[PDB]
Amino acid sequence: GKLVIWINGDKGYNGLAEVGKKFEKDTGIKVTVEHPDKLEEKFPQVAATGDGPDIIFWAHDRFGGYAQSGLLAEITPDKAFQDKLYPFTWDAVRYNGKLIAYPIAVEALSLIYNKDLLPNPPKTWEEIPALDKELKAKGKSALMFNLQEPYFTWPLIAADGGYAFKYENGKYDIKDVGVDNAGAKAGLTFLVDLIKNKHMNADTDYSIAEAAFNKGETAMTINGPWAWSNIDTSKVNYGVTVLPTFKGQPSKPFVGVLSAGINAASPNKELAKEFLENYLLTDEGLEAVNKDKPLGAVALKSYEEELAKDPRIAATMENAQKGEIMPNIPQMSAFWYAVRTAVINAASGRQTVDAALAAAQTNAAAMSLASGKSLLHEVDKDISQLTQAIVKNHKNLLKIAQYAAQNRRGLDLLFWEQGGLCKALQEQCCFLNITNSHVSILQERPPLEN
């Protein structure tokens, strides 16, 4: 009989906490916003047991999976309301020919540079290397951004050719991935060469890249609206514009439409519908959240009209224009996971651009029972070994125990006219009651081939 919302801790939550009050005293219903880590992973797990938030906030790309796993309820926006929001963002939230989430805003990474250290930014990726040179001599760097999430480097990977799944005739092809073609390699190798050439680090993430640009330690960065807020507060004269090109090709970023979905396990299913339909998705609702952390190109037509006239937003849309709309299909988590590994491995040097990118593709396929078996049998040789080790420790323990007991025996004899050892020290007596049941249980332990 309440209402709980979940949003990314990197978005305008306190701003949503406000619209969360408008609902409370104007409806009485207590709204509560939460922002946990690994949100996209947590929800599906807690939601699966009937727990979790009534409303979930995340990009549309991973909703199809939550829907496939049957975790949310189909929303029912009255044919009228559907015309308050842009049609293209409605599709982004329509899975299996049905609506599964309320689009909130359109996001697209952009190129943020500090006009005070770089009045004129680079129009090409190819020149950042030599540009970083000049700045490194001055103490700072040229470009810094999160290298932990494929989301950021992907725009470069797609630039010269890379692509998730081919959208063949209004239908994405799962057997048609393109994470390991020419364009792909090209992009990744360049990015890596950047780290290889000390222009970039790899242990670098979000808080690391964010704190650096904001401290003026770097001239460039790649992010989305939500960031702008913290830069303003940092009094650094920044500028938002189109992303650099690669091999003459514009960086193709993956665009996502942040959405609000309704936990199928939710009892307050209408409370939500009305909170989003009549409280959030309003010009004054989108605004409160925006004052907290820029949403970008909101879906509400009325609000986008006086938001689109802003350069930071115009550039975000040009970027999304240059990019592609993320797919819905449940095969995203995999895809994304595949690319996270490639990028991290290739960058960390644990893999090669050619090797990493290949794995990504080939691995998107089914593993034989054989491997599962081999895997199985393998872990056995393993577990078994831990056992004997454990088992052995027990015995030795015992050998030590008896040894101790014996010594203690001689003591009691020395302190006999005292009452043995414990009585002569006038202290609580100790006791070697030693027993390890699991020791045996682990020996019986049937084979894992069952």
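All residue numbers are counted from 1 along the displayed sequence.
Per the entry, higher mean C-alpha B factor between 391 to 399 and 30 to 38: The deposited B-factors put 30 to 38 ahead on the C-alpha mean.
On average, are the C-alpha B-factors higher in 126 to 134 or in 172 to 180? The entry gives the higher C-alpha B-factor average to 172 to 180.
Between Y102, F88, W336, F190, which carries the biggest CA temperature factor in the record? Answer, based on the entry's C-alpha B-factors: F88.
Out of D354, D160, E149, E318, which one has a C-alpha B factor higher than all the others in the entry? By C-alpha B-factor in the record, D160 ranks first.
Of the three thirds of its chain by CA temperature factor, lowest, middle or highest, which one includes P244? For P244, whose C-alpha B-factor we compare with every modelled residue in the chain, the answer is the lowest third.
Could you look up the Cα B-factor of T282 in the entry and say which third of the chain it sits in: lowest, middle or highest? For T282, whose C-alpha B-factor we compare with every modelled residue in the chain, the answer is the highest third.
Could you place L421 in the lowest, middle or highest third of its chain by Cα temperature factor, using the values in the record? Its C-alpha B-factor, which the entry lists for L421, ranks in the highest third among residues of this chain.
Should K79 be placed in the lowest, middle or highest third of its chain by the C-alpha B factor in the entry? Ranked within chain, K79 CA B lands in the highest tercile.
Split into thirds by Cα B-factor across the chain's modelled residues, where does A347 land: lowest, middle or highest? It belongs to the lowest third of the chain when residues are ordered by C-alpha B-factor.
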